[PDB]
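Source file: data30.csv. Holds: CSV, C-alpha atoms.
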```
chain,number,residue,atom,x,y,z
W,1,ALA,CA,0.1,-28.5,114.8
W,2,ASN,CA,-1.0,-30.7,111.9
W,3,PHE,CA,-4.7,-31.2,112.0
W,4,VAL,CA,-7.7,-32.8,110.2
W,5,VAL,CA,-11.1,-31.3,109.6
W,6,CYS,CA,-14.3,-33.0,108.1
W,7,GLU,CA,-15.6,-31.9,104.8
W,8,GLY,CA,-18.2,-29.1,105.5
W,9,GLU,CA,-16.3,-27.9,108.6
W,10,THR,CA,-14.0,-25.0,108.5
W,11,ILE,CA,-10.2,-24.6,108.2
W,12,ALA,CA,-8.8,-21.8,110.4
W,13,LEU,CA,-5.2,-20.8,110.3
W,14,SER,CA,-3.3,-18.4,112.4
W,15,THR,CA,0.2,-17.1,113.3
W,16,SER,CA,0.9,-16.3,117.0
W,17,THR,CA,3.9,-14.1,116.2
W,18,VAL,CA,4.2,-10.4,115.4
W,19,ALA,CA,5.5,-9.2,112.0
W,20,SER,CA,5.6,-6.3,109.6
W,21,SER,CA,4.0,-8.6,107.1
W,22,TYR,CA,2.7,-12.1,106.8
W,23,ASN,CA,2.7,-14.3,103.7
W,24,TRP,CA,0.6,-17.4,103.6
W,25,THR,CA,0.3,-19.8,100.6
W,26,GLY,CA,-1.5,-23.1,100.0
W,27,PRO,CA,-3.9,-25.5,98.2
W,28,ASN,CA,-6.5,-24.0,95.8
W,29,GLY,CA,-4.5,-20.8,95.6
W,30,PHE,CA,-5.0,-19.9,99.2
W,31,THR,CA,-3.2,-16.7,99.7
W,32,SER,CA,-3.1,-14.3,102.6
W,33,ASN,CA,-1.1,-11.5,104.0
W,34,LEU,CA,-2.7,-11.5,107.5
W,35,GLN,CA,-1.9,-12.8,110.9
W,36,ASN,CA,-5.4,-14.4,110.8
W,37,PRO,CA,-6.4,-15.3,107.2
W,38,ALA,CA,-10.0,-15.6,106.2
W,39,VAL,CA,-11.3,-18.9,107.3
W,40,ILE,CA,-12.2,-21.5,104.7
W,41,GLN,CA,-15.8,-21.9,105.5
W,42,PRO,CA,-17.0,-24.9,103.3
W,43,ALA,CA,-13.8,-26.8,103.6
W,44,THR,CA,-13.6,-29.5,101.0
W,45,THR,CA,-11.3,-32.3,99.7
W,46,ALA,CA,-9.5,-29.9,97.4
W,47,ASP,CA,-8.4,-27.8,100.4
W,48,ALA,CA,-6.3,-30.6,101.9
W,49,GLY,CA,-2.6,-30.0,101.7
W,50,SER,CA,0.3,-28.0,103.0
W,51,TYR,CA,-0.2,-24.4,104.1
W,52,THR,CA,3.0,-22.5,104.4
W,53,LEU,CA,4.1,-19.2,106.0
W,54,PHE,CA,6.8,-16.7,106.0
W,55,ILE,CA,7.4,-13.7,108.1
W,56,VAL,CA,9.0,-10.4,107.3
W,57,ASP,CA,10.3,-8.6,110.4
W,58,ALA,CA,10.6,-4.9,111.4
W,59,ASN,CA,14.1,-4.9,110.0
W,60,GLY,CA,13.1,-6.2,106.5
W,61,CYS,CA,14.6,-9.7,106.9
W,62,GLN,CA,12.5,-12.7,105.7
W,63,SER,CA,12.3,-15.7,108.1
W,64,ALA,CA,12.3,-19.4,107.5
W,65,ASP,CA,9.4,-21.0,105.6
W,66,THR,CA,7.3,-23.1,108.1
W,67,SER,CA,4.1,-25.1,107.7
W,68,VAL,CA,1.0,-27.0,108.7
W,69,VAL,CA,-0.6,-29.9,107.0
W,70,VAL,CA,-4.3,-29.9,106.9
W,71,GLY,CA,-6.1,-33.1,106.1
W,72,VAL,CA,-9.8,-33.4,105.1
W,73,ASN,CA,-12.0,-36.3,106.1
W,74,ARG,CA,-15.2,-37.3,104.3
W,75,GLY,CA,-18.5,-38.7,105.5
W,76,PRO,CA,-20.3,-41.6,103.7
W,77,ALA,CA,-23.5,-41.5,101.6
W,78,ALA,CA,-26.8,-41.8,103.5
W,79,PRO,CA,-27.9,-45.4,104.2
W,80,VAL,CA,-31.1,-47.1,103.0
W,81,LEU,CA,-33.6,-48.1,105.8
W,82,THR,CA,-36.2,-50.7,106.1
W,83,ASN,CA,-38.5,-51.7,109.0
W,84,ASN,CA,-41.3,-54.1,109.8
W,85,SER,CA,-44.2,-51.9,108.8
W,86,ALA,CA,-47.4,-52.7,110.8
G,1,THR,CA,40.3,-0.7,84.4
G,2,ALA,CA,36.9,-2.0,83.3
G,3,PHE,CA,34.0,-3.7,85.0
G,4,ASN,CA,30.9,-5.6,84.0
G,5,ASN,CA,27.6,-6.1,85.7
G,6,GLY,CA,27.2,-9.4,87.5
G,7,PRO,CA,26.3,-12.6,85.7
G,8,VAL,CA,23.6,-12.0,83.2
G,9,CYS,CA,20.5,-14.0,82.1
G,10,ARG,CA,20.8,-15.4,78.6
G,11,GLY,CA,18.6,-12.9,76.8
G,12,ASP,CA,19.5,-9.8,78.9
G,13,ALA,CA,21.9,-6.9,78.4
G,14,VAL,CA,25.0,-5.9,80.3
G,15,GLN,CA,26.1,-2.5,81.2
G,16,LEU,CA,29.9,-2.2,81.0
G,17,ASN,CA,31.6,0.4,83.1
G,18,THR,CA,34.9,2.3,83.5
G,19,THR,CA,36.6,5.1,85.3
G,20,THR,CA,35.8,8.7,84.5
G,21,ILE,CA,38.7,10.6,83.2
G,22,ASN,CA,38.4,14.2,82.2
G,23,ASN,CA,38.2,14.6,78.5
G,24,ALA,CA,39.2,11.0,77.8
G,25,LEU,CA,38.2,9.1,74.7
G,26,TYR,CA,36.8,5.7,75.4
G,27,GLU,CA,36.7,2.9,72.9
G,28,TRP,CA,35.1,-0.5,73.5
G,29,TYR,CA,35.9,-3.4,71.2
G,30,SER,CA,34.3,-6.8,70.6
G,31,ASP,CA,37.7,-8.5,70.0
G,32,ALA,CA,41.3,-8.7,71.2
G,33,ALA,CA,42.5,-7.6,67.8
G,34,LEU,CA,40.7,-4.3,68.4
G,35,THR,CA,39.3,-4.2,64.9
G,36,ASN,CA,35.6,-4.2,65.7
G,37,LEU,CA,34.5,-1.1,67.6
G,38,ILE,CA,31.2,-1.4,69.6
G,39,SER,CA,30.9,1.8,71.4
G,40,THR,CA,32.6,5.0,72.5
G,41,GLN,CA,30.5,5.6,75.6
G,42,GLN,CA,31.9,5.5,79.1
G,43,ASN,CA,29.2,3.1,80.2
G,44,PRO,CA,27.7,1.3,77.1
G,45,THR,CA,25.2,-1.5,77.2
G,46,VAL,CA,25.6,-4.7,75.2
G,47,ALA,CA,22.4,-6.5,74.4
G,48,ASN,CA,21.7,-10.2,74.0
G,49,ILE,CA,24.5,-11.8,75.9
G,50,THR,CA,23.8,-15.4,75.2
G,51,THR,CA,27.2,-16.7,76.0
G,52,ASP,CA,30.2,-15.9,78.1
G,53,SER,CA,32.0,-13.2,76.3
G,54,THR,CA,34.7,-10.5,76.7
G,55,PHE,CA,35.0,-6.9,75.9
G,56,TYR,CA,38.1,-4.8,75.5
G,57,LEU,CA,38.5,-1.2,76.7
G,58,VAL,CA,41.0,1.2,75.3
G,59,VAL,CA,41.3,4.8,76.7
G,60,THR,CA,43.0,7.6,75.0
G,61,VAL,CA,44.1,10.6,76.9
G,62,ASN,CA,46.3,13.4,75.7
G,63,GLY,CA,46.6,11.6,72.3
G,64,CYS,CA,48.1,8.5,74.1
G,65,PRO,CA,46.0,5.3,74.0
G,66,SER,CA,46.2,2.7,76.8
G,67,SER,CA,46.7,-0.9,76.4
G,68,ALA,CA,43.5,-2.9,76.1
G,69,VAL,CA,41.7,-4.0,79.3
G,70,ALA,CA,39.6,-7.1,79.0
G,71,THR,CA,36.5,-7.8,81.0
G,72,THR,CA,34.5,-11.0,81.1
G,73,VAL,CA,30.7,-11.2,81.2
G,74,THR,CA,29.5,-14.3,82.9
G,75,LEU,CA,26.1,-16.0,82.1
G,76,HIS,CA,24.0,-17.2,85.1
G,77,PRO,CA,23.5,-21.0,85.2
G,78,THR,CA,20.2,-21.9,83.4
G,79,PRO,CA,17.4,-23.1,85.9
G,80,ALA,CA,16.0,-26.6,85.7
G,81,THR,CA,12.8,-27.7,84.0
G,82,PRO,CA,9.9,-27.6,86.6
G,83,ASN,CA,8.2,-30.7,88.0
G,84,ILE,CA,4.6,-31.3,86.8
G,85,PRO,CA,2.2,-34.2,87.3
G,86,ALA,CA,2.0,-37.0,84.7
G,87,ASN,CA,-0.7,-36.8,82.0
G,88,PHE,CA,-4.1,-37.5,83.4
G,89,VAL,CA,-7.8,-37.8,82.7
G,90,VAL,CA,-10.7,-36.6,84.8
G,91,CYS,CA,-14.5,-37.2,84.3
G,92,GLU,CA,-16.8,-34.2,83.6
G,93,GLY,CA,-18.0,-32.9,86.9
G,94,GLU,CA,-14.8,-33.9,88.8
G,95,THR,CA,-12.0,-31.5,89.5
G,96,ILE,CA,-8.7,-30.6,87.8
G,97,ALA,CA,-6.0,-29.9,90.3
G,98,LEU,CA,-2.5,-28.8,89.1
G,99,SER,CA,0.6,-28.2,91.1
G,100,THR,CA,4.3,-27.5,90.8
G,101,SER,CA,6.6,-29.4,93.3
G,102,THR,CA,9.6,-27.0,92.8
G,103,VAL,CA,10.4,-23.6,94.5
G,104,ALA,CA,10.5,-20.4,92.5
G,105,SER,CA,10.4,-16.6,92.7
G,106,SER,CA,7.4,-16.8,90.5
G,107,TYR,CA,5.2,-19.3,88.7
G,108,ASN,CA,3.5,-18.8,85.4
G,109,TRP,CA,0.8,-21.3,84.3
G,110,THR,CA,-1.3,-21.0,81.2
G,111,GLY,CA,-4.0,-23.2,79.5
G,112,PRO,CA,-7.5,-24.0,78.0
G,113,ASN,CA,-10.3,-21.5,78.6
G,114,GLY,CA,-7.8,-18.9,79.6
G,115,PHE,CA,-6.6,-20.7,82.6
G,116,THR,CA,-4.0,-18.5,84.1
G,117,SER,CA,-2.1,-18.7,87.4
G,118,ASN,CA,0.9,-17.3,89.1
G,119,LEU,CA,0.9,-19.8,92.0
G,120,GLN,CA,2.6,-23.0,93.0
G,121,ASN,CA,-0.9,-24.4,93.6
G,122,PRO,CA,-3.5,-22.7,91.2
G,123,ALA,CA,-7.1,-22.6,92.0
G,124,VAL,CA,-8.7,-25.9,91.2
G,125,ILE,CA,-11.1,-26.1,88.4
G,126,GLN,CA,-14.1,-27.3,90.3
G,127,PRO,CA,-16.8,-28.2,87.7
G,128,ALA,CA,-14.4,-29.5,85.1
G,129,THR,CA,-15.9,-29.7,81.7
G,130,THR,CA,-15.0,-30.7,78.1
G,131,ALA,CA,-13.7,-27.2,77.4
G,132,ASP,CA,-11.1,-27.6,80.1
G,133,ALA,CA,-9.4,-30.5,78.3
G,134,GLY,CA,-6.0,-29.6,76.7
G,135,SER,CA,-2.4,-28.7,77.5
G,136,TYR,CA,-1.5,-26.9,80.7
G,137,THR,CA,1.9,-25.3,80.6
G,138,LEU,CA,4.4,-23.9,83.1
G,139,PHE,CA,7.4,-21.8,83.4
G,140,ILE,CA,9.5,-20.9,86.4
G,141,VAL,CA,11.4,-17.8,87.2
G,142,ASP,CA,14.2,-18.5,89.7
G,143,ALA,CA,15.8,-16.3,92.4
G,144,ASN,CA,18.3,-15.1,90.0
G,145,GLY,CA,15.8,-13.8,87.4
G,146,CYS,CA,16.4,-16.5,84.8
G,147,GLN,CA,13.3,-18.2,83.1
G,148,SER,CA,13.3,-22.0,82.9
G,149,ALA,CA,12.1,-24.3,80.1
G,150,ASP,CA,8.4,-24.5,79.3
G,151,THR,CA,7.0,-27.9,80.5
G,152,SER,CA,3.5,-29.3,80.5
G,153,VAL,CA,0.7,-31.8,81.4
G,154,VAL,CA,-2.1,-32.9,79.2
G,155,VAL,CA,-5.5,-33.1,80.9
G,156,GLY,CA,-8.2,-35.2,79.3
G,157,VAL,CA,-11.9,-35.1,80.1
G,158,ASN,CA,-14.2,-38.1,80.0
G,159,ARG,CA,-18.0,-37.9,79.6
G,160,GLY,CA,-20.8,-40.0,81.0
G,161,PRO,CA,-23.8,-41.1,78.9
G,162,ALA,CA,-27.4,-39.9,79.2
G,163,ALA,CA,-29.6,-41.6,81.8
G,164,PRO,CA,-31.2,-44.9,80.4
G,165,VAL,CA,-35.0,-45.6,80.2
G,166,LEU,CA,-36.3,-48.4,82.4
G,167,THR,CA,-39.1,-50.9,82.2
G,168,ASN,CA,-40.3,-53.7,84.4
G,169,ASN,CA,-43.1,-56.3,84.7
G,170,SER,CA,-45.5,-54.2,86.8
G,171,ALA,CA,-47.7,-56.4,89.0
G,172,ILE,CA,-45.8,-59.6,89.7
G,173,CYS,CA,-47.2,-62.7,91.5
G,174,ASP,CA,-44.9,-64.5,94.0
G,175,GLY,CA,-43.9,-67.2,91.4
G,176,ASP,CA,-43.3,-64.7,88.5
G,177,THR,CA,-39.7,-64.0,87.5
G,178,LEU,CA,-38.8,-60.3,87.8
G,179,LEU,CA,-37.2,-58.9,84.7
G,180,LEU,CA,-35.8,-55.4,84.8
G,181,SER,CA,-34.6,-54.0,81.5
G,182,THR,CA,-33.4,-51.0,79.5
G,183,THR,CA,-33.3,-49.5,76.1
G,184,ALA,CA,-29.6,-48.4,76.5
G,185,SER,CA,-26.6,-49.9,74.8
G,186,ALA,CA,-23.9,-49.8,77.5
G,187,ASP,CA,-21.2,-51.4,79.6
G,188,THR,CA,-21.4,-51.8,83.4
G,189,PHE,CA,-25.1,-51.6,83.6
G,190,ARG,CA,-25.4,-51.2,87.4
G,191,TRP,CA,-28.9,-52.0,88.7
G,192,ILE,CA,-29.8,-50.4,92.1
G,193,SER,CA,-32.1,-52.3,94.4
G,194,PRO,CA,-34.6,-50.5,96.8
G,195,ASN,CA,-32.5,-52.0,99.6
G,196,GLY,CA,-29.3,-50.3,98.4
G,197,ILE,CA,-27.8,-53.2,96.7
G,198,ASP,CA,-25.7,-52.4,93.6
G,199,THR,CA,-25.5,-55.3,91.1
G,200,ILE,CA,-23.5,-55.2,87.9
G,201,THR,CA,-24.1,-56.8,84.5
G,202,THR,CA,-23.0,-56.6,80.9
G,203,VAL,CA,-26.4,-56.6,79.2
G,204,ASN,CA,-29.4,-54.4,79.3
G,205,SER,CA,-31.3,-56.8,81.5
G,206,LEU,CA,-31.4,-58.1,85.1
G,207,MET,CA,-33.2,-61.4,85.8
G,208,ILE,CA,-34.3,-61.7,89.4
G,209,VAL,CA,-35.3,-65.2,90.5
G,210,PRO,CA,-38.4,-65.4,92.9
G,211,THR,CA,-36.3,-67.2,95.5
G,212,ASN,CA,-33.7,-64.3,95.6
G,213,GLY,CA,-34.6,-62.7,98.9
G,214,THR,CA,-32.4,-59.6,98.5
G,215,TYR,CA,-33.2,-58.6,94.9
G,216,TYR,CA,-36.7,-60.0,94.4
G,217,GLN,CA,-38.2,-57.0,96.1
G,218,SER,CA,-40.7,-54.4,95.1
G,219,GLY,CA,-40.3,-50.6,95.2
G,220,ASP,CA,-38.3,-48.0,93.3
G,221,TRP,CA,-35.4,-49.3,91.1
G,222,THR,CA,-32.8,-47.2,89.2
G,223,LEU,CA,-30.0,-47.8,86.7
G,224,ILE,CA,-26.6,-46.2,86.2
G,225,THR,CA,-24.5,-47.2,83.1
G,226,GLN,CA,-21.1,-46.5,81.4
G,227,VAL,CA,-20.2,-46.4,77.7
G,228,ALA,CA,-16.6,-47.4,76.8
G,229,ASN,CA,-15.4,-45.3,79.7
G,230,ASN,CA,-15.3,-45.1,83.5
G,231,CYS,CA,-17.9,-42.2,83.7
G,232,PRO,CA,-21.4,-43.2,85.1
G,233,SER,CA,-24.6,-42.1,83.4
G,234,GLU,CA,-26.9,-39.7,85.0
G,235,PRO,CA,-29.1,-42.2,87.0
G,236,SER,CA,-32.4,-43.1,85.4
G,237,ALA,CA,-35.7,-42.0,86.9
G,238,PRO,CA,-36.7,-44.6,89.5
G,239,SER,CA,-39.4,-47.0,88.4
G,240,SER,CA,-41.8,-48.8,90.6
G,241,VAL,CA,-41.9,-52.6,90.7
G,242,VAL,CA,-45.1,-54.3,92.0
```
Could you show the structure in this file as structure tokens?
Amino acid sequence: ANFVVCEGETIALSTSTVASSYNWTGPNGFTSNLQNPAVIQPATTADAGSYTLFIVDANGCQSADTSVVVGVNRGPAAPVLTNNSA
Amino acid sequence: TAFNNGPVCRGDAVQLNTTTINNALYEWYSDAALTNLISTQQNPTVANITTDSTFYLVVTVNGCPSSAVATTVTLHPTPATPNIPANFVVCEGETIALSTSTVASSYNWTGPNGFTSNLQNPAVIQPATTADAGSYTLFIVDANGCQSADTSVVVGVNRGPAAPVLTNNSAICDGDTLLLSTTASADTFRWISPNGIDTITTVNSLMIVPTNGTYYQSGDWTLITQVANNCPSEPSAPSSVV
């Protein structure tokens, strides 16, 4: 299902079905032919977008193009602190 | 009888075909008048079919030529120009992301610094620099093998200025006005307070009144500026106010 990760966290995708081959495409040129594509370890803002998949079955036929949208959240800059000293 | 290949791309060739007859003479003509002979092969190929056209076959057997048989070669409907982002500008150090919103058998992107891609969503140029500025072009090959019009986006690159030099009034008594200043000629001179307060002026000077409890502080101050653009300078080395 559509999901959101925070910048610096990972984006892991997977297909639960069986196929002769898998074909994934997405943002930043993400490309994979696996059931379980390499995980994007340092996920960043540029990795946000639509990740799509198609399946080629045992019989050579190519299934419908399906997808997940992956959002990316960002944290703020570190704050400046003060205190009362002594 | 005579047959053609299926619809053909505008610059491609079409193999024409007919029935094998023992010891027959085949003649293919470019026109109904049968005055311009193209070939005498059973299965000739005609190059550069840029428009719908017809060919005429005459077969002679036993010295007796047939009537002419026409075939029509259809041309496959030309694919639409691809959808590309509007011209845009990024600042050096920001990224350049390109994408095509259309569907294709293949994509072919080209550009500055040898940028090359065959994806709908090419790898993003992460440290974009001045050398990445220029025209990024695309072409699309459809399901039918035809190659669409070459379209493009121009990507500009902005640059930020060098960090400014700062001075201050050193040791300041409680009643002494604090004047922070620089040597830089710039727009949007943003002075950053030790508390984290970002204040913006149009001149190379910030006057802090002794009664101003949020800016009349002491510590390490820095400055970020812009010059006729939206790109910030490298921040100045912090300077200590006493």
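Interface residues of chain W facing chain G, defined by any atom at most 6 Å away and using only C-alpha atoms, are residues 27, 28, 29 and 80 of chain W.
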- Message: Quick check, in Å to one decimal: how far apart do atom CA of residue 131 of chain G and atom CA of residue 153 of chain G lie?
- Response: 15.6 Å
- Enter the distance from atom CA of residue 172 of chain G to atom CA of residue 242 of chain G, in Å, rounded to one decimal. 5.8 Å
- Item | Separation of atom CA of residue 93 of chain G from atom CA of residue 9 of chain W, in Å and rounded to one decimal |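 A separation of 22.3 Å between them.
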With a distance cut-off of 12 Å and only C-alpha atoms, select the neighbouring residues of residue 241 of chain G, excluding the residue or stretch itself and same-chain residues fewer than 4 positions from it, and output the selection as an mmCIF file with C-alpha atoms, keeping the file's coordinate frame.
```
data_model
loop_
_atom_site.group_PDB
_atom_site.id
_atom_site.type_symbol
_atom_site.label_atom_id
_atom_site.label_comp_id
_atom_site.auth_asym_id
_atom_site.auth_seq_id
_atom_site.Cartn_x
_atom_site.Cartn_y
_atom_site.Cartn_z
ATOM 1 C CA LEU G 166 -36.300 -48.400 82.400
ATOM 2 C CA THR G 167 -39.100 -50.900 82.200
ATOM 3 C CA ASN G 168 -40.300 -53.700 84.400
ATOM 4 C CA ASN G 169 -43.100 -56.300 84.700
ATOM 5 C CA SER G 170 -45.500 -54.200 86.800
ATOM 6 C CA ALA G 171 -47.700 -56.400 89.000
ATOM 7 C CA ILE G 172 -45.800 -59.600 89.700
ATOM 8 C CA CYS G 173 -47.200 -62.700 91.500
ATOM 9 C CA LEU G 178 -38.800 -60.300 87.800
ATOM 10 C CA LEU G 179 -37.200 -58.900 84.700
ATOM 11 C CA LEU G 180 -35.800 -55.400 84.800
ATOM 12 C CA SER G 181 -34.600 -54.000 81.500
ATOM 13 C CA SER G 193 -32.100 -52.300 94.400
ATOM 14 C CA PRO G 194 -34.600 -50.500 96.800
ATOM 15 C CA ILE G 208 -34.300 -61.700 89.400
ATOM 16 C CA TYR G 215 -33.200 -58.600 94.900
ATOM 17 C CA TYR G 216 -36.700 -60.000 94.400
ATOM 18 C CA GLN G 217 -38.200 -57.000 96.100
ATOM 19 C CA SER G 218 -40.700 -54.400 95.100
ATOM 20 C CA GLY G 219 -40.300 -50.600 95.200
ATOM 21 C CA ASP G 220 -38.300 -48.000 93.300
ATOM 22 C CA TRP G 221 -35.400 -49.300 91.100
ATOM 23 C CA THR G 222 -32.800 -47.200 89.200
#
```
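When only C-alpha atoms are used to compute distances to residue 57 of chain G, the closest of the residues G:91, G:16, G:206, G:75 turns out to be G:16.
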- Do a neighbour search on residue 188 of chain G at 12 Å with only C-alpha atoms, toss out local chain neighbours closer than 3 positions, and write the hits as a VMD selection string. chain G and resid 161 184 to 185 191 198 to 206 223 to 233
Would you mind listing what lies within 8 Å of residue 110 of chain G as a compact mmCIF listing (two decimals) with C-alpha atoms, in the frame of the given file, with all atoms listed in the file counted and same-chain residues fewer than 2 positions away left out?
```
# COMPACT_ATOMS: atom_id res chain seq x y z
CA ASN G 108 3.50 -18.80 85.40
CA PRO G 112 -7.50 -24.00 78.00
CA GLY G 114 -7.80 -18.90 79.60
CA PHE G 115 -6.60 -20.70 82.60
CA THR G 116 -4.00 -18.50 84.10
CA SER G 117 -2.10 -18.70 87.40
CA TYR G 136 -1.50 -26.90 80.70
CA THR G 137 1.90 -25.30 80.60
CA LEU G 138 4.40 -23.90 83.10
```
- Name all residues at most 10 Å from segment 12-14 of chain G (count all atoms listed in the file; drop same-chain ones fewer than 4 positions away) and give them as a ChimeraX atom specification. /G:4-8,43-50,73-75,146
